[PDB]
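Protein chains in written order, with PDB author numbering: chain A, -2 to 107, 115 to 231; chain A', -2 to 107, 115 to 231. A prime marks a further copy of an entry chain.
First up is the structure itself, then whatever we jot down about it.
Number of protein chains: 2
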Amino acid sequence: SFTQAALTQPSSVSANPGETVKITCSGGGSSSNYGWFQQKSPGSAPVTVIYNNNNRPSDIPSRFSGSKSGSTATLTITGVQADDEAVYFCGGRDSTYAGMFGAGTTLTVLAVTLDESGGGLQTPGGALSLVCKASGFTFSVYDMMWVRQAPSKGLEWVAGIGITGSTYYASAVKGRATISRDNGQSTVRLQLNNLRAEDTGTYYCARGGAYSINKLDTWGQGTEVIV
Amino acid sequence: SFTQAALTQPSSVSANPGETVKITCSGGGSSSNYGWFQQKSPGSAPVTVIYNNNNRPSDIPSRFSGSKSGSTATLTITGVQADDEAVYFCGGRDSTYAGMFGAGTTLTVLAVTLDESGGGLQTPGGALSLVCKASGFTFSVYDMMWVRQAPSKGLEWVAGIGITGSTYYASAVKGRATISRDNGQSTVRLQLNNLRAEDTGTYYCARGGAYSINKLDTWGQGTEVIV
Ligand SMILES: [Cl-]
Ligand SMILES: [Cl-]
Ligand SMILES: [Cl-]
Ligand SMILES: [Cl-]
Ligand SMILES: [Cl-]
Ligand SMILES: [Cl-]
């Protein structure tokens, strides 16, 4: 718990389209081999791009290749495309019978919008603060609201705010929630305290209504909250 | 908490490609209006397809239309495509200042694979059982393993099983985990007890190695576990 050992790989690498990118990883047991796994977003499942140092799965383009040299391995992507943007995890094993990963290398390849943040792990009885940053429109003339969705459940209205600052809250969160807006920063904020397990879920900000869900024309991508 | 009121919409509707589908929803305050939101998978953010009874956002095809009649509204999709498969939520407001949703209507439009299930919400100190169902290959001749990923963290090896039944566990779960396989049912099972918050995350089954992550050529889609 207070100790960890992982494979070493770089945090990030940037490339223009069409370039050849190489990412190297080191560590693992002395005779170990290596694989590489692509995860295009934290919510998508990894896929293998290279296994056993240098083999491609059938569904992977030939522009992906790999090699091993000693206790290092290298992933090469020729002709990088925007679609190749992802975190690439190396994996292998230690000198014992345990699997090991690297921390992952993020590959970066060099309109009305709403962007939520502030979620993550939370303690029962604790509090959270979510913020949505809007852009691409006159923020001050729109009502805004938050909607959430518990794991394997439907959409639930949480709170909303009108253009004169009137606020409205769902019974589920009454007494514990505060929604506010900062027209200068084009942000809306949702504070929620005395967290319960029922507060767990994905939280979306959306534009157009405060309590009138029918007026919503634009949704953020959400932020996950786990109590 | 022991009471709920929502808009009424049907659980599901099935259609062949090219058909015109209509889904109707009822309820809400007497003068309320309605919107419709598409969610293609529980992990993707909703998007508005209709708002204010009958308006389409600019990025939505004209094959989507809506109408309101009294305290009912209807979503129509002409020329349904496979890509239209999704849950469609209606939304509006009550007679008071609160937003309301329906439970959502699932639209159904009429190889080596691994499919995990058994996750969801869990209580600290409780236990869980995840199962992966394999198909498309001779299951009994492959090593299999589970990997997890905590919110906003990297991949972590959990446990693996070889073709002779040898099992291997990460230190994080030693004493609390049991991995098993049923070659007859092409399933692998991960039991985990005395759950801690650190056990929260998405859990993947993958084919090819028990502790040798480099041998993995195929990944499941994952199952989420929240303690
Ligand atoms: Cl070794
Ligand atoms: Cl207002
Ligand atoms: Cl409103
Ligand atoms: Cl009314
Ligand atoms: Cl074995
Ligand atoms: Cl192995």
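Where a beta carbon is used, it is the ideal one built from N, C-alpha and C, also for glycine.
Exposed unless 16 or more other CB atoms sit within 10 angstroms - verdict on residue i
{"i": "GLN1 of chain A'", "result": "exposed"}
{"i": "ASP203 of chain A", "result": "buried"}
{"i": "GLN6 of chain A", "result": "buried"}
{"i": "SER144 of chain A'", "result": "exposed"}
{"i": "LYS219 of chain A'", "result": "buried"}
{"i": "residue 237 of chain A", "result": "No answer is possible for residue 237 of chain A: the residues shown for chain A start at -2 and end at 231."}
{"i": "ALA138 of chain A", "result": "buried"}
{"i": "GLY25 of chain A'", "result": "buried"}
{"i": "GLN35 of chain A", "result": "buried"}
{"i": "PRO128 of chain A'", "result": "exposed"}
{"i": "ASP147 of chain A", "result": "buried"}
{"i": "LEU107 of chain A'", "result": "exposed"}
{"i": "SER29 of chain A'", "result": "buried"}
{"i": "residue 239 of chain A", "result": "Past the edges of chain A, shown from -2 to 231, lies residue 239 of chain A, and the structure says nothing about it."}
{"i": "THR105 of chain A'", "result": "exposed"}
{"i": "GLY179 of chain A'", "result": "exposed"}
{"i": "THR206 of chain A", "result": "buried"}
{"i": "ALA115 of chain A'", "result": "exposed"}
{"i": "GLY88 of chain A'", "result": "buried"}
Coil, strand or helix - residue i by DSSP
{"i": "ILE57 of chain A", "result": "coil"}
{"i": "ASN52 of chain A'", "result": "strand"}
{"i": "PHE143 of chain A", "result": "helix"}
{"i": "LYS65 of chain A'", "result": "strand"}
{"i": "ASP221 of chain A", "result": "coil"}
{"i": "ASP81 of chain A", "result": "helix"}
{"i": "residue 267 of chain A", "result": "Nothing can be reported for residue 267 of chain A, as the shown portion of chain A is limited to -2 through 231."}
{"i": "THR105 of chain A'", "result": "strand"}
{"i": "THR17 of chain A", "result": "coil"}
{"i": "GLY76 of chain A", "result": "coil"}
{"i": "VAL231 of chain A", "result": "coil"}
{"i": "residue 112 of chain A", "result": "Shown without residue 112 of chain A, the model has chain A running from 107 straight on to 115."}
{"i": "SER9 of chain A", "result": "strand"}
{"i": "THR71 of chain A", "result": "strand"}
{"i": "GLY212 of chain A", "result": "coil"}
Span separating the alpha-carbon of residue i from that of residue j
{"i": "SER11 of chain A'", "j": "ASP81 of chain A'", "result": "11 angstroms"}
{"i": "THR71 of chain A'", "j": "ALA3 of chain A'", "result": "16 angstroms"}
{"i": "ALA163 of chain A", "j": "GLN189 of chain A'", "result": "47 angstroms"}
{"i": "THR191 of chain A'", "j": "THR117 of chain A", "result": "43 angstroms"}
{"i": "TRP223 of chain A'", "j": "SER59 of chain A'", "result": "38 angstroms"}
{"i": "residue 114 of chain A'", "j": "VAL151 of chain A", "result": "Between 107 and 115, chain A' has no modelled residues, and residue 114 of chain A' is one of the positions in that gap."}
{"i": "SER121 of chain A", "j": "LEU134 of chain A", "result": "6 angstroms"}
{"i": "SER9 of chain A'", "j": "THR171 of chain A", "result": "35 angstroms"}
{"i": "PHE98 of chain A", "j": "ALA176 of chain A'", "result": "14 angstroms"}
{"i": "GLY123 of chain A", "j": "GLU228 of chain A'", "result": "17 angstroms"}
{"i": "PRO14 of chain A'", "j": "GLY76 of chain A'", "result": "7 angstroms"}
{"i": "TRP33 of chain A'", "j": "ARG53 of chain A", "result": "43 angstroms"}
{"i": "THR73 of chain A'", "j": "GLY158 of chain A", "result": "21 angstroms"}
{"i": "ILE183 of chain A'", "j": "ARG185 of chain A", "result": "49 angstroms"}
{"i": "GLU160 of chain A'", "j": "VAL18 of chain A", "result": "25 angstroms"}
{"i": "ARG200 of chain A", "j": "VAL231 of chain A", "result": "7 angstroms"}
{"i": "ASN50 of chain A", "j": "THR69 of chain A'", "result": "60 angstroms"}
{"i": "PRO155 of chain A", "j": "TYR85 of chain A", "result": "27 angstroms"}
{"i": "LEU194 of chain A", "j": "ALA83 of chain A", "result": "30 angstroms"}
{"i": "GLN225 of chain A'", "j": "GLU16 of chain A'", "result": "30 angstroms"}
{"i": "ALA79 of chain A'", "j": "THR103 of chain A'", "result": "13 angstroms"}
{"i": "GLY212 of chain A'", "j": "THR142 of chain A'", "result": "12 angstroms"}
{"i": "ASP91 of chain A'", "j": "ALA214 of chain A", "result": "13 angstroms"}
{"i": "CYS22 of chain A'", "j": "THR168 of chain A", "result": "31 angstroms"}
{"i": "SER62 of chain A'", "j": "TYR94 of chain A'", "result": "27 angstroms"}
{"i": "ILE47 of chain A'", "j": "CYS209 of chain A", "result": "17 angstroms"}
{"i": "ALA174 of chain A", "j": "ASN198 of chain A", "result": "15 angstroms"}
{"i": "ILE217 of chain A'", "j": "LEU196 of chain A", "result": "41 angstroms"}
{"i": "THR45 of chain A", "j": "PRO43 of chain A'", "result": "29 angstroms"}
{"i": "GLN153 of chain A", "j": "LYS65 of chain A", "result": "45 angstroms"}
{"i": "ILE20 of chain A'", "j": "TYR31 of chain A", "result": "51 angstroms"}
{"i": "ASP221 of chain A'", "j": "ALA100 of chain A'", "result": "38 angstroms"}
Paired residues, beta bridge with residue i - DSSP
{"i": "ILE47 of chain A", "result": "A:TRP33"}
{"i": "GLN153 of chain A", "result": "A:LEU159 and A:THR206"}
{"i": "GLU120 of chain A", "result": "A:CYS136"}
{"i": "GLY130 of chain A'", "result": "Answer by DSSP bridge pairing: none, since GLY130 of chain A' is not bridged."}
{"i": "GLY88 of chain A", "result": "A:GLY32 and A:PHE98"}
{"i": "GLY164 of chain A", "result": "A:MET149 and A:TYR172"}
Within the region 167 to 208 of chain A', note down every full beta strand (DSSP E) run reaching 3 residues or more, in order along the chain. 171 to 173, 181 to 186 and 191 to 197
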